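S.K.: Residue numbers (the entry's author numbering): 136 to 407, 415 to 479.
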Ligand SMILES: CN(C)c1nccc(-c2c[nH]c3ncccc23)n1
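#1: For the alpha helix (DSSP H) holding residue 201, just list the boundary residues, first then last.
#2: Alpha carbon to alpha carbon, how far is residue 426 from residue 356?
#3: So what does residue 305 bridge to, in DSSP terms?
#4: Suppose the cutoff is 6 Å on Cβ atoms and the five residues either side in sequence are ignored; what does the same chain contact list for residue 325 look like?
#5: Looking only at its chain, what residues have a beta carbon closer than 6 Å to the beta carbon of residue 203, apart from the 5 residues adjacent to it on each side?
#6: For the structure I just gave you, are there three or more beta carbon pairs, one from the stretch 272-288 and one from the stretch 208-224, closer than 8 Å?
#7: Measure the CB-CB distance between residue 443 and residue 251 and report whether it falls below 8 Å.
#8: Is DSSP giving residue 405 helix, strand or coil here?
#9: Measuring CA to CA, which of 456, 467, 430 is closest to residue 479?
#10: Mind checking which residues open and close the alpha helix (DSSP H) that includes residue 272?
#11: DSSP state of residue 235, grouped into three classes?
#12: Just how far apart, CA to CA, sit residue 352 and residue 360?
#13: Check residue 286 in the structure and name its three-state DSSP category.
#14: Drop a sphere of 10 angstroms on the beta-carbon of residue 343, count the other beta-carbons inside from all chains shown, and report buried for 16 or more, exposed for fewer.
#15: Counting C-beta neighbours from all protein chains within 10 Å, is the total for residue 318 16 or more, i.e. buried, or is it exposed?
#16: Which residues in the same chain have their Cβ closer than 8 Å to the Cβ of residue 303, if we skip the five residues on either side of it in sequence?
#17: Under 8 Å between the Cβ atoms of residue 339 and residue 314?
#18: Since residue 196 contacts residue 190 with CB under 8 Å, what's their CB separation in whole angstroms?
#19: Round the Cβ separation of residue 334 and residue 391 to the nearest angstrom and send it over; I've been treating them as touching at under 8 Å.
#20: What residue does the beta strand (DSSP E) around residue 364 start on, and which one ends it?
#21: DSSP on residue 414, reduced to helix/strand/coil?
#22: State buried or exposed for residue 199, treating a residue as buried only when at least 16 other CB atoms are found within 10 Å of its CB.
#23: Can the beta-carbon of residue 379 be found closer than 8 Å to that of residue 330?
#24: Using the three-state DSSP reduction, which class does residue 388 fall into: helix, strand or coil?
#25: Report yes if the C-beta of residue 149 is less than 7 Å from at least one heavy atom of ligand 1; otherwise report no.
#26: Under a Cβ-count criterion, where at least 16 other Cβ atoms within 10 Å of its own Cβ denotes burial, should residue 147 be classed as buried or exposed?
#27: DSSP three-state label for residue 396, please.
#28: Assign residue 337 to buried or exposed, taking buried as 16 or more other Cβ atoms, counted over all protein chains shown, within 10 Å of its Cβ.
#29: Which same chain residues end up closer than 8 Å to residue 241 when comparing Cβ atoms and leaving out the 5 residues on each side of it in sequence?
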């Protein structure tokens, strides 16, 4: 495959210590996924370690990464001080039939961090730090010259800069789009997928705020908020917590009847779970009962008052109506922060 350079998965066969382009010394593989691989490499010209994302030698993967490159170039252009929590693309090149994206080197992702908590969650204080950085990133993506919808926010796409610190960067803009050029109908990883997407309705940057609300709950509890096995199960899990979506939304939803049925009195119910709205976020978070699993009882930084502010912000991020769902500017002003 590829003159011996590739495996049968379209991946470049990594070789420890290989020199590329009279510039990079490849050290080791540090991550992998559907897109290809990420290697740690020494950039001998800039005298620093870098992460090189080696995209698969396969046209669909190449073109996904070309979208990613263009969006990163647009963003990084408007954030030269690296202050808006978006990963920094240093440069890119084609090498041995692989598109290669050279990034700053990052640490663990937030799913890795959840595993490191034994799936019991990070503290409310650390959750708040992640939330503030993520809302700042979403404010930046919403600036009009960007208008970027990430479209795949989830713990695995948020990386720590350093294992010992709370600073983060968002990665993976290969599935992203811009408000002016929305093309996709099928988007978002299932657990983090917004109701408007499930319902086949128009969408905008608010879909990323929905995902963020789901992510932040999971960061503190250790477990996904809405862990659907398929779209019907996903919507039913959302409904357990948040109730039946508003009629004015379902009346306009192309896929309303995948999940719901309209009664003679005009109201909507589920098609034949805990009853709608009875799995309270108040209890998932343990607002009055010592946090998730009661494990935060007797800990500082986890008061009822604190939890009530967190609950309020999350419920605003999980508004069914994308027009009234909280937006980044206002999330940042919320009393949780
Ligand atoms: C999808 N993905 C994993 C991805 N997409 C874009 C950038 C990065 C990335 C940048 N620096 C890193 N350092 C260590 C590990 C990964 C990365 N990872």
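We put the beta carbon where it would ideally sit given N, CA and C, even for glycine.
M.R.: Answer, in terms of the structure:
#1: 194-212
#2: 8 Å
#3: 221, 293
#4: 363, 369
#5: 308, 309
#6: yes
#7: no
#8: strand
#9: Proximity to residue 479 across 456, 467, 430 peaks at 456, based on C-alpha coordinates.
#10: 259-276
#11: strand
#12: Whole-angstrom Cα-Cα distance: 7 Å.
#13: coil
#14: That one is buried.
#15: Exposed.
#16: 220, 245, 265, 268, 269, 293, 294, 295, 296
#17: yes
#18: 5 Å
#19: Here residue 334 really is in contact with residue 391; their C-beta atoms are around 6 Å apart, less than 8 Å.
#20: Careful: residue 364 lies outside any beta strand (DSSP E) and carries neither H nor E.
#21: Absent here is residue 414, because the residues of the chain run from 407 on to 415 with nothing modelled in between.
#22: buried
#23: no
#24: DSSP places residue 388 in coil when its eight states are reduced to three.
#25: no
#26: buried
#27: strand
#28: exposed
#29: 186, 222, 294, 295, 296, 304, 306
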